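With PDB, C-alpha atoms inside, this is protein-v2.pdb:
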ATOM      1  CA  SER A 164      20.143  -2.843   3.766
ATOM      2  CA  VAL A 165      21.307  -6.415   3.131
ATOM      3  CA  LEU A 166      18.365  -7.676   5.173
ATOM      4  CA  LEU A 167      16.022  -5.361   3.261
ATOM      5  CA  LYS A 168      17.297  -6.951   0.052
ATOM      6  CA  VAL A 169      16.704 -10.376   1.620
ATOM      7  CA  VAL A 170      13.109  -9.533   2.541
ATOM      8  CA  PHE A 171      12.395  -7.922  -0.838
ATOM      9  CA  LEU A 172      13.703 -10.934  -2.747
ATOM     10  CA  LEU A 173      11.692 -13.243  -0.475
ATOM     11  CA  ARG A 174       8.527 -11.302  -1.307
ATOM     12  CA  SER A 175       9.394 -11.236  -5.001
ATOM     13  CA  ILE A 176       9.998 -14.988  -5.153
ATOM     14  CA  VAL A 177       6.935 -15.974  -3.118
ATOM     15  CA  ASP A 178       4.450 -13.652  -4.848
ATOM     16  CA  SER A 179       5.506 -14.590  -8.396
ATOM     17  CA  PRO A 180       4.051 -17.656 -10.178
ATOM     18  CA  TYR A 181       7.241 -19.568  -9.217
ATOM     19  CA  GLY A 182       6.132 -19.740  -5.573
ATOM     20  CA  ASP A 183       3.468 -22.432  -5.779
ATOM     21  CA  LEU A 184       6.210 -24.884  -6.774
ATOM     22  CA  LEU A 185       7.959 -24.396  -3.416
ATOM     23  CA  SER A 186       7.616 -27.408  -1.149
ATOM     24  CA  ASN A 187       5.235 -26.715   1.725
ATOM     25  CA  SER A 188       7.910 -27.584   4.316
ATOM     26  CA  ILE A 189       9.923 -24.511   3.188
ATOM     27  CA  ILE A 190       7.347 -21.713   3.359
ATOM     28  CA  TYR A 191       7.059 -22.355   7.101
ATOM     29  CA  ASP A 192      10.781 -21.603   7.326
ATOM     30  CA  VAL A 193      10.308 -18.368   5.362
ATOM     31  CA  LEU A 194       7.450 -17.282   7.626
ATOM     32  CA  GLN A 195       9.502 -18.149  10.712
ATOM     33  CA  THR A 196      12.459 -16.106   9.469
ATOM     34  CA  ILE A 197      10.408 -13.025   8.585
ATOM     35  CA  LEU A 198       8.717 -13.313  12.009
ATOM     36  CA  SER A 199      12.093 -13.531  13.762
ATOM     37  CA  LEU A 200      13.107 -10.405  11.858
ATOM     38  CA  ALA A 201       9.859  -8.552  12.612
ATOM     39  CA  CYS A 202       9.532  -9.221  16.350
ATOM     40  CA  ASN A 203      13.174  -8.400  17.120
ATOM     41  CA  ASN A 204      13.298  -4.761  18.227
ATOM     42  CA  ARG A 205      17.097  -4.385  18.024
ATOM     43  CA  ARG A 206      16.893  -3.803  14.259
ATOM     44  CA  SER A 207      15.868  -0.530  12.643
ATOM     45  CA  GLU A 208      12.215   0.431  13.023
ATOM     46  CA  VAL A 209      11.723   1.123   9.315
ATOM     47  CA  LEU A 210      13.134  -2.321   8.498
ATOM     48  CA  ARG A 211      10.628  -3.788  10.959
ATOM     49  CA  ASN A 212       7.817  -1.962   9.157
ATOM     50  CA  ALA A 213       9.075  -3.359   5.848
ATOM     51  CA  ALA A 214       9.102  -6.869   7.315
ATOM     52  CA  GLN A 215       5.551  -6.478   8.636
ATOM     53  CA  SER A 216       4.281  -5.316   5.241
ATOM     54  CA  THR A 217       6.111  -8.213   3.570
ATOM     55  CA  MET A 218       4.561 -10.706   5.958
ATOM     56  CA  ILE A 219       1.062  -9.383   5.320
ATOM     57  CA  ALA A 220       1.801  -9.579   1.587
ATOM     58  CA  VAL A 221       2.781 -13.271   1.849
ATOM     59  CA  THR A 222       0.067 -14.207   4.377
ATOM     60  CA  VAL A 223      -2.575 -12.969   1.934
ATOM     61  CA  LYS A 224      -1.027 -15.175  -0.761
ATOM     62  CA  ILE A 225      -0.864 -18.185   1.568
ATOM     63  CA  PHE A 226      -4.464 -17.986   2.752
ATOM     64  CA  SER A 227      -5.792 -17.216  -0.731
ATOM     65  CA  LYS A 228      -4.284 -20.568  -1.770
ATOM     66  CA  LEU A 229      -6.813 -22.171   0.632
ATOM     67  CA  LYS A 230      -9.440 -22.371  -2.108
TER      68      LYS A 230
ATOM     69  CA  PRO B  11     -18.116  -8.357   2.596
ATOM     70  CA  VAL B  12     -17.405  -4.602   2.495
ATOM     71  CA  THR B  13     -17.687  -3.867   6.227
ATOM     72  CA  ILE B  14     -13.918  -3.274   6.422
ATOM     73  CA  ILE B  15     -14.206   0.392   5.463
ATOM     74  CA  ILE B  16     -16.521   1.329   8.334
ATOM     75  CA  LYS B  17     -14.211  -0.526  10.739
ATOM     76  CA  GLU B  18     -11.224   1.453   9.476
ATOM     77  CA  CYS B  19     -13.325   4.619   9.747
ATOM     78  CA  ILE B  20     -13.962   4.073  13.453
ATOM     79  CA  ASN B  21     -10.309   3.054  13.869
ATOM     80  CA  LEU B  22      -9.085   6.328  12.360
ATOM     81  CA  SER B  23     -11.728   8.471  14.113
ATOM     82  CA  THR B  24      -9.760   8.176  17.381
ATOM     83  CA  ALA B  25      -7.559  11.174  16.595
ATOM     84  CA  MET B  26      -8.060  12.774  20.022
ATOM     85  CA  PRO B  71     -13.351  19.490   9.154
ATOM     86  CA  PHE B  72     -12.111  15.939   8.437
ATOM     87  CA  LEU B  73     -13.805  14.178  11.358
ATOM     88  CA  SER B  74     -17.162  15.500  10.146
ATOM     89  CA  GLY B  75     -16.459  14.016   6.723
ATOM     90  CA  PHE B  76     -15.533  10.661   8.236
ATOM     91  CA  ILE B  77     -18.657  10.539  10.402
ATOM     92  CA  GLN B  78     -20.737  11.415   7.318
ATOM     93  CA  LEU B  79     -18.969   8.544   5.547
ATOM     94  CA  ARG B  80     -19.912   6.144   8.356
ATOM     95  CA  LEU B  81     -23.538   7.315   8.333
ATOM     96  CA  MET B  82     -23.632   6.855   4.563
ATOM     97  CA  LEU B  83     -22.091   3.347   4.679
ATOM     98  CA  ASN B  84     -24.538   2.139   7.275
ATOM     99  CA  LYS B  85     -26.110   0.711   4.071
ATOM    100  CA  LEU B  86     -25.920  -3.056   3.441
ATOM    101  CA  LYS B  87     -25.698  -5.375   0.418
ATOM    102  CA  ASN B  88     -22.256  -4.440  -0.922
ATOM    103  CA  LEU B  89     -21.070  -0.962  -1.856
ATOM    104  CA  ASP B  90     -23.503  -1.004  -4.813
ATOM    105  CA  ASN B  91     -24.187   2.205  -6.783
ATOM    106  CA  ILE B  92     -22.174   4.568  -4.555
ATOM    107  CA  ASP B  93     -20.082   6.704  -6.974
ATOM    108  CA  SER B  94     -16.838   5.262  -5.633
ATOM    109  CA  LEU B  95     -14.761   8.496  -5.666
ATOM    110  CA  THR B  96     -16.619   9.378  -2.448
ATOM    111  CA  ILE B  97     -16.319   6.003  -0.658
ATOM    112  CA  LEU B  98     -12.677   6.842   0.188
ATOM    113  CA  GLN B  99     -12.181  10.567  -0.597
ATOM    114  CA  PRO B 100     -11.682  11.679   3.069
ATOM    115  CA  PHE B 101      -8.744   9.269   3.294
ATOM    116  CA  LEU B 102      -7.096  11.143   0.410
ATOM    117  CA  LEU B 103      -7.882  14.440   2.128
ATOM    118  CA  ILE B 104      -5.804  13.305   5.125
ATOM    119  CA  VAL B 105      -2.677  12.474   3.130
ATOM    120  CA  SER B 106      -3.025  15.271   0.557
ATOM    121  CA  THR B 107      -2.854  18.163   3.023
ATOM    122  CA  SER B 108       0.226  19.270   4.981
ATOM    123  CA  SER B 109      -1.204  20.263   8.376
ATOM    124  CA  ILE B 110      -1.600  16.916  10.204
ATOM    125  CA  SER B 111       0.916  14.928  12.236
ATOM    126  CA  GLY B 112       2.520  11.766  10.908
ATOM    127  CA  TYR B 113       0.591   9.308  13.081
ATOM    128  CA  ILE B 114      -2.769  10.057  11.454
ATOM    129  CA  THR B 115      -1.207   9.927   7.981
ATOM    130  CA  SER B 116       0.285   6.519   8.765
ATOM    131  CA  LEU B 117      -3.114   5.297   9.960
ATOM    132  CA  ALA B 118      -4.793   6.576   6.789
ATOM    133  CA  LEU B 119      -2.166   4.955   4.566
ATOM    134  CA  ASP B 120      -2.547   1.680   6.470
ATOM    135  CA  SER B 121      -6.288   1.905   5.826
ATOM    136  CA  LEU B 122      -5.660   2.506   2.113
ATOM    137  CA  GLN B 123      -3.288  -0.462   1.925
ATOM    138  CA  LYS B 124      -5.842  -2.623   3.738
ATOM    139  CA  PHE B 125      -8.535  -1.620   1.238
ATOM    140  CA  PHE B 126      -6.338  -2.394  -1.743
ATOM    141  CA  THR B 127      -4.917  -5.670  -0.390
ATOM    142  CA  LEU B 128      -8.385  -6.976   0.432
ATOM    143  CA  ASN B 129      -9.486  -5.610  -2.985
ATOM    144  CA  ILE B 130     -12.480  -3.584  -1.820
ATOM    145  CA  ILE B 131     -12.367  -1.639  -5.095
ATOM    146  CA  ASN B 132     -12.789  -3.960  -8.092
ATOM    147  CA  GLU B 133     -14.027  -3.864 -11.685
ATOM    148  CA  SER B 134     -17.655  -4.177 -10.563
ATOM    149  CA  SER B 135     -17.379  -0.982  -8.499
ATOM    150  CA  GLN B 136     -18.764   2.129 -10.172
ATOM    151  CA  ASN B 137     -16.099   4.629 -11.265
ATOM    152  CA  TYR B 138     -13.235   2.506  -9.948
ATOM    153  CA  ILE B 139     -10.930   3.986 -12.607
ATOM    154  CA  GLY B 140     -11.351   7.483 -11.196
ATOM    155  CA  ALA B 141     -10.770   6.345  -7.619
ATOM    156  CA  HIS B 142      -7.586   4.449  -8.456
ATOM    157  CA  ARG B 143      -6.488   7.485 -10.465
ATOM    158  CA  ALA B 144      -7.056   9.824  -7.523
ATOM    159  CA  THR B 145      -5.335   7.614  -4.945
ATOM    160  CA  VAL B 146      -2.052   7.645  -6.873
ATOM    161  CA  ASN B 147      -2.558  11.330  -7.701
ATOM    162  CA  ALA B 148      -2.827  12.420  -4.065
ATOM    163  CA  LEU B 149       0.268  10.561  -2.841
ATOM    164  CA  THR B 150       2.539  12.476  -5.228
ATOM    165  CA  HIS B 151       1.822  15.797  -3.491
ATOM    166  CA  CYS B 152       2.963  16.780   0.014
ATOM    167  CA  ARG B 153       2.691  14.516   3.046
ATOM    168  CA  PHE B 154       4.173  13.923   6.565
ATOM    169  CA  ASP B 162       9.206   9.755  10.580
ATOM    170  CA  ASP B 163      10.644   7.866   7.617
ATOM    171  CA  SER B 164       8.250   4.914   7.979
ATOM    172  CA  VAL B 165       5.417   7.036   6.549
ATOM    173  CA  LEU B 166       7.356   7.545   3.324
ATOM    174  CA  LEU B 167       8.156   3.834   3.122
ATOM    175  CA  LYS B 168       4.453   3.086   3.544
ATOM    176  CA  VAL B 169       3.689   5.459   0.662
ATOM    177  CA  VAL B 170       6.395   3.788  -1.431
ATOM    178  CA  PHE B 171       5.129   0.268  -0.702
ATOM    179  CA  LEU B 172       1.568   1.258  -1.561
ATOM    180  CA  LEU B 173       2.815   2.828  -4.801
ATOM    181  CA  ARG B 174       4.627  -0.428  -5.617
ATOM    182  CA  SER B 175       1.519  -2.483  -4.938
ATOM    183  CA  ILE B 176      -0.787  -0.188  -6.942
ATOM    184  CA  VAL B 177       1.472   0.154  -9.982
ATOM    185  CA  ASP B 178       2.424  -3.528 -10.185
ATOM    186  CA  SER B 179      -1.206  -4.732 -10.103
ATOM    187  CA  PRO B 180      -3.654  -4.800 -13.040
ATOM    188  CA  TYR B 181      -5.387  -1.598 -11.914
ATOM    189  CA  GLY B 182      -2.153   0.375 -12.300
ATOM    190  CA  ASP B 183      -2.466  -0.204 -16.046
ATOM    191  CA  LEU B 184      -5.561   2.043 -15.993
ATOM    192  CA  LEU B 185      -3.662   5.103 -14.711
ATOM    193  CA  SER B 186      -3.278   8.041 -17.072
ATOM    194  CA  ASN B 187       0.085   8.526 -18.760
ATOM    195  CA  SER B 188       0.333  12.054 -17.307
ATOM    196  CA  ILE B 189       0.380  10.587 -13.762
ATOM    197  CA  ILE B 190       3.031   7.850 -13.942
ATOM    198  CA  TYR B 191       5.585  10.551 -14.754
ATOM    199  CA  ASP B 192       4.693  12.242 -11.462
ATOM    200  CA  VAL B 193       5.069   8.949  -9.572
ATOM    201  CA  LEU B 194       8.463   8.353 -11.177
ATOM    202  CA  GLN B 195       9.535  11.904 -10.327
ATOM    203  CA  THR B 196       8.523  11.403  -6.689
ATOM    204  CA  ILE B 197      10.341   8.080  -6.308
ATOM    205  CA  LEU B 198      13.401   9.498  -8.084
ATOM    206  CA  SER B 199      13.402  12.455  -5.691
ATOM    207  CA  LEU B 200      13.343   9.985  -2.800
ATOM    208  CA  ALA B 201      16.134   7.850  -4.270
ATOM    209  CA  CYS B 202      18.493  10.663  -5.274
ATOM    210  CA  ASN B 203      18.198  12.523  -1.965
ATOM    211  CA  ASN B 204      20.641  11.392   0.734
ATOM    212  CA  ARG B 205      19.206  13.204   3.780
ATOM    213  CA  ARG B 206      16.854  10.271   4.414
ATOM    214  CA  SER B 207      17.863   6.959   5.959
ATOM    215  CA  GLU B 208      19.819   4.579   3.756
ATOM    216  CA  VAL B 209      17.431   1.625   4.023
ATOM    217  CA  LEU B 210      14.560   3.774   2.751
ATOM    218  CA  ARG B 211      16.815   4.792  -0.135
ATOM    219  CA  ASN B 212      17.414   1.115  -0.935
ATOM    220  CA  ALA B 213      13.658   0.505  -0.876
ATOM    221  CA  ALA B 214      13.320   3.442  -3.275
ATOM    222  CA  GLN B 215      15.964   1.846  -5.491
ATOM    223  CA  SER B 216      14.102  -1.468  -5.644
ATOM    224  CA  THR B 217      10.677   0.048  -6.337
ATOM    225  CA  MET B 218      12.029   2.200  -9.152
ATOM    226  CA  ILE B 219      13.651  -0.860 -10.742
ATOM    227  CA  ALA B 220      10.341  -2.726 -10.459
ATOM    228  CA  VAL B 221       8.204   0.040 -11.957
ATOM    229  CA  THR B 222      10.767   0.532 -14.741
ATOM    230  CA  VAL B 223      10.411  -3.144 -15.658
ATOM    231  CA  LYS B 224       6.628  -2.809 -15.489
ATOM    232  CA  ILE B 225       6.621   0.305 -17.697
ATOM    233  CA  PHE B 226       8.973  -0.978 -20.379
ATOM    234  CA  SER B 227       7.086  -4.280 -20.485
ATOM    235  CA  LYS B 228       4.092  -2.290 -21.775
ATOM    236  CA  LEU B 229       6.210  -1.313 -24.820
ATOM    237  CA  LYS B 230       5.239  -4.486 -26.672
TER     238      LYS B 230
END
Would you put the structure from the file into structure tokens?
Amino acid sequence: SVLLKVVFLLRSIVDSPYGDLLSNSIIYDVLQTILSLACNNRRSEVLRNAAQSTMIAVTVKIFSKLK
Amino acid sequence: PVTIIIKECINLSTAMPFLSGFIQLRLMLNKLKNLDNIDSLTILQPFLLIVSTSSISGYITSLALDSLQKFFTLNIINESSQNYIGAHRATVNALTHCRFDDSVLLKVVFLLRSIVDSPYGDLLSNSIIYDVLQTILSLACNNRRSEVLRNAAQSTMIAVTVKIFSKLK
């Protein structure tokens, strides 16, 4: 549940208007961490599903910035 | 483009009265040049028929909900679409009724979060948001489910409470 709170706050911070101000060397670290959470099968499956949905929800924001 | 919906239709067709509806949907959306005048309740009604009923295994429901989330995230339905208000009304309306192990419910909860937080959630009728709040509160209060799903329920209800009381201005 702590990691779910981590992932939820990551999504909340990145999606809000106070996410463009993040330095571009940091969002790579966020993506790497959510990937390391998602691929690892030792965690709970439902947490993995949450991480996957979070990572889609930030990937859409990242690639929409390419405009 | 709007070719995503036919792709999701063929993706969900591999389930081996609803398959006939989906194949009719594919034959209808052979048409090109955007969704156009289509009467957009029917562009995605068979997806709601999958989740609304209570006689289908969880795998197909998860696939249908993934398709719905894909449609919303890519924003297939927009202001230009005919009768978009009715479609976005119906999609929240169907999820409140019966469904379905726990990942399906989390998918429903995440889609509810994404729909309500967005601009289109403002267009929902005030008789419906009460049903959504009742459903999420039933998820949160109940303890038979897994704890992490309960925490997700907790967070979404906080978020939609902030979104609702912000409208009181």
Could the residues of chain A that have an atom at most 12 Å from chain B be listed as CSV, each with its closest atom pair and the distance in Å to one decimal, counting all atoms listed in the file and ordered by chain and ascending residue number?
residue,atom,partner,partner_atom,distance
A:164,CA,B:209,CA,5.2
A:165,CA,B:209,CA,9.0
A:166,CA,B:209,CA,9.4
A:167,CA,B:209,CA,7.2
A:168,CA,B:212,CA,8.1
A:169,CA,B:213,CA,11.6
A:170,CA,B:213,CA,10.6
A:171,CA,B:216,CA,8.2
A:172,CA,B:216,CA,9.9
A:174,CA,B:175,CA,11.8
A:175,CA,B:220,CA,10.2
A:178,CA,B:175,CA,11.5
A:179,CA,B:178,CA,11.6
A:206,CA,B:209,CA,11.6
A:207,CA,B:209,CA,9.0
A:208,CA,B:164,CA,7.8
A:209,CA,B:164,CA,5.3
A:210,CA,B:209,CA,7.4
A:211,CA,B:164,CA,9.5
A:212,CA,B:164,CA,7.0
A:213,CA,B:167,CA,7.7
A:214,CA,B:171,CA,11.4
A:215,CA,B:168,CA,10.9
A:216,CA,B:171,CA,8.2
A:217,CA,B:171,CA,9.5
A:219,CA,B:127,CA,9.1
A:220,CA,B:127,CA,8.0
A:221,CA,B:127,CA,11.0
A:222,CA,B:127,CA,11.0
A:223,CA,B:127,CA,8.0
A:224,CA,B:127,CA,10.3
A:226,CA,B:128,CA,11.9
A:227,CA,B:128,CA,10.6
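Picture a line from CA of residue 191 (chain A) to CA of residue 121 (chain B); it runs 27.7 Å.
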- Hits from the PyMOL selection byres ((chain B and resi 11) around 7), listed as a list in words: residues 12, 13 and 88 of chain B
Please list, as an mmCIF file with C-alpha atoms, in the frame of the given file, the residues that have an atom at most 7 Å away from (1.6, 14.9, 5.3) in the coordinates of this file, counting all atoms listed in the file.
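For reference, selection-v5.cif as written:
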data_model
loop_
_atom_site.group_PDB
_atom_site.id
_atom_site.type_symbol
_atom_site.label_atom_id
_atom_site.label_comp_id
_atom_site.auth_asym_id
_atom_site.auth_seq_id
_atom_site.Cartn_x
_atom_site.Cartn_y
_atom_site.Cartn_z
ATOM 1 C CA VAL B 105 -2.677 12.474 3.130
ATOM 2 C CA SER B 106 -3.025 15.271 0.557
ATOM 3 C CA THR B 107 -2.854 18.163 3.023
ATOM 4 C CA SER B 108 0.226 19.270 4.981
ATOM 5 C CA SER B 109 -1.204 20.263 8.376
ATOM 6 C CA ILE B 110 -1.600 16.916 10.204
ATOM 7 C CA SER B 111 0.916 14.928 12.236
ATOM 8 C CA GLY B 112 2.520 11.766 10.908
ATOM 9 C CA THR B 115 -1.207 9.927 7.981
ATOM 10 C CA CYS B 152 2.963 16.780 0.014
ATOM 11 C CA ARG B 153 2.691 14.516 3.046
ATOM 12 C CA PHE B 154 4.173 13.923 6.565
#
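When the PyMOL selection byres ((chain B and resi 139) around 10) is evaluated on the file shown here, the picked residues come out as residues 94, 95, 131, 132, 133, 135, 136, 137, 138, 140, 141, 142, 143, 144, 181, 182, 184, 185 and 186 of chain B.
Across the model, the gap from CA of residue 125 (chain B) to CA of residue 23 (chain B) is 16.7 Å.
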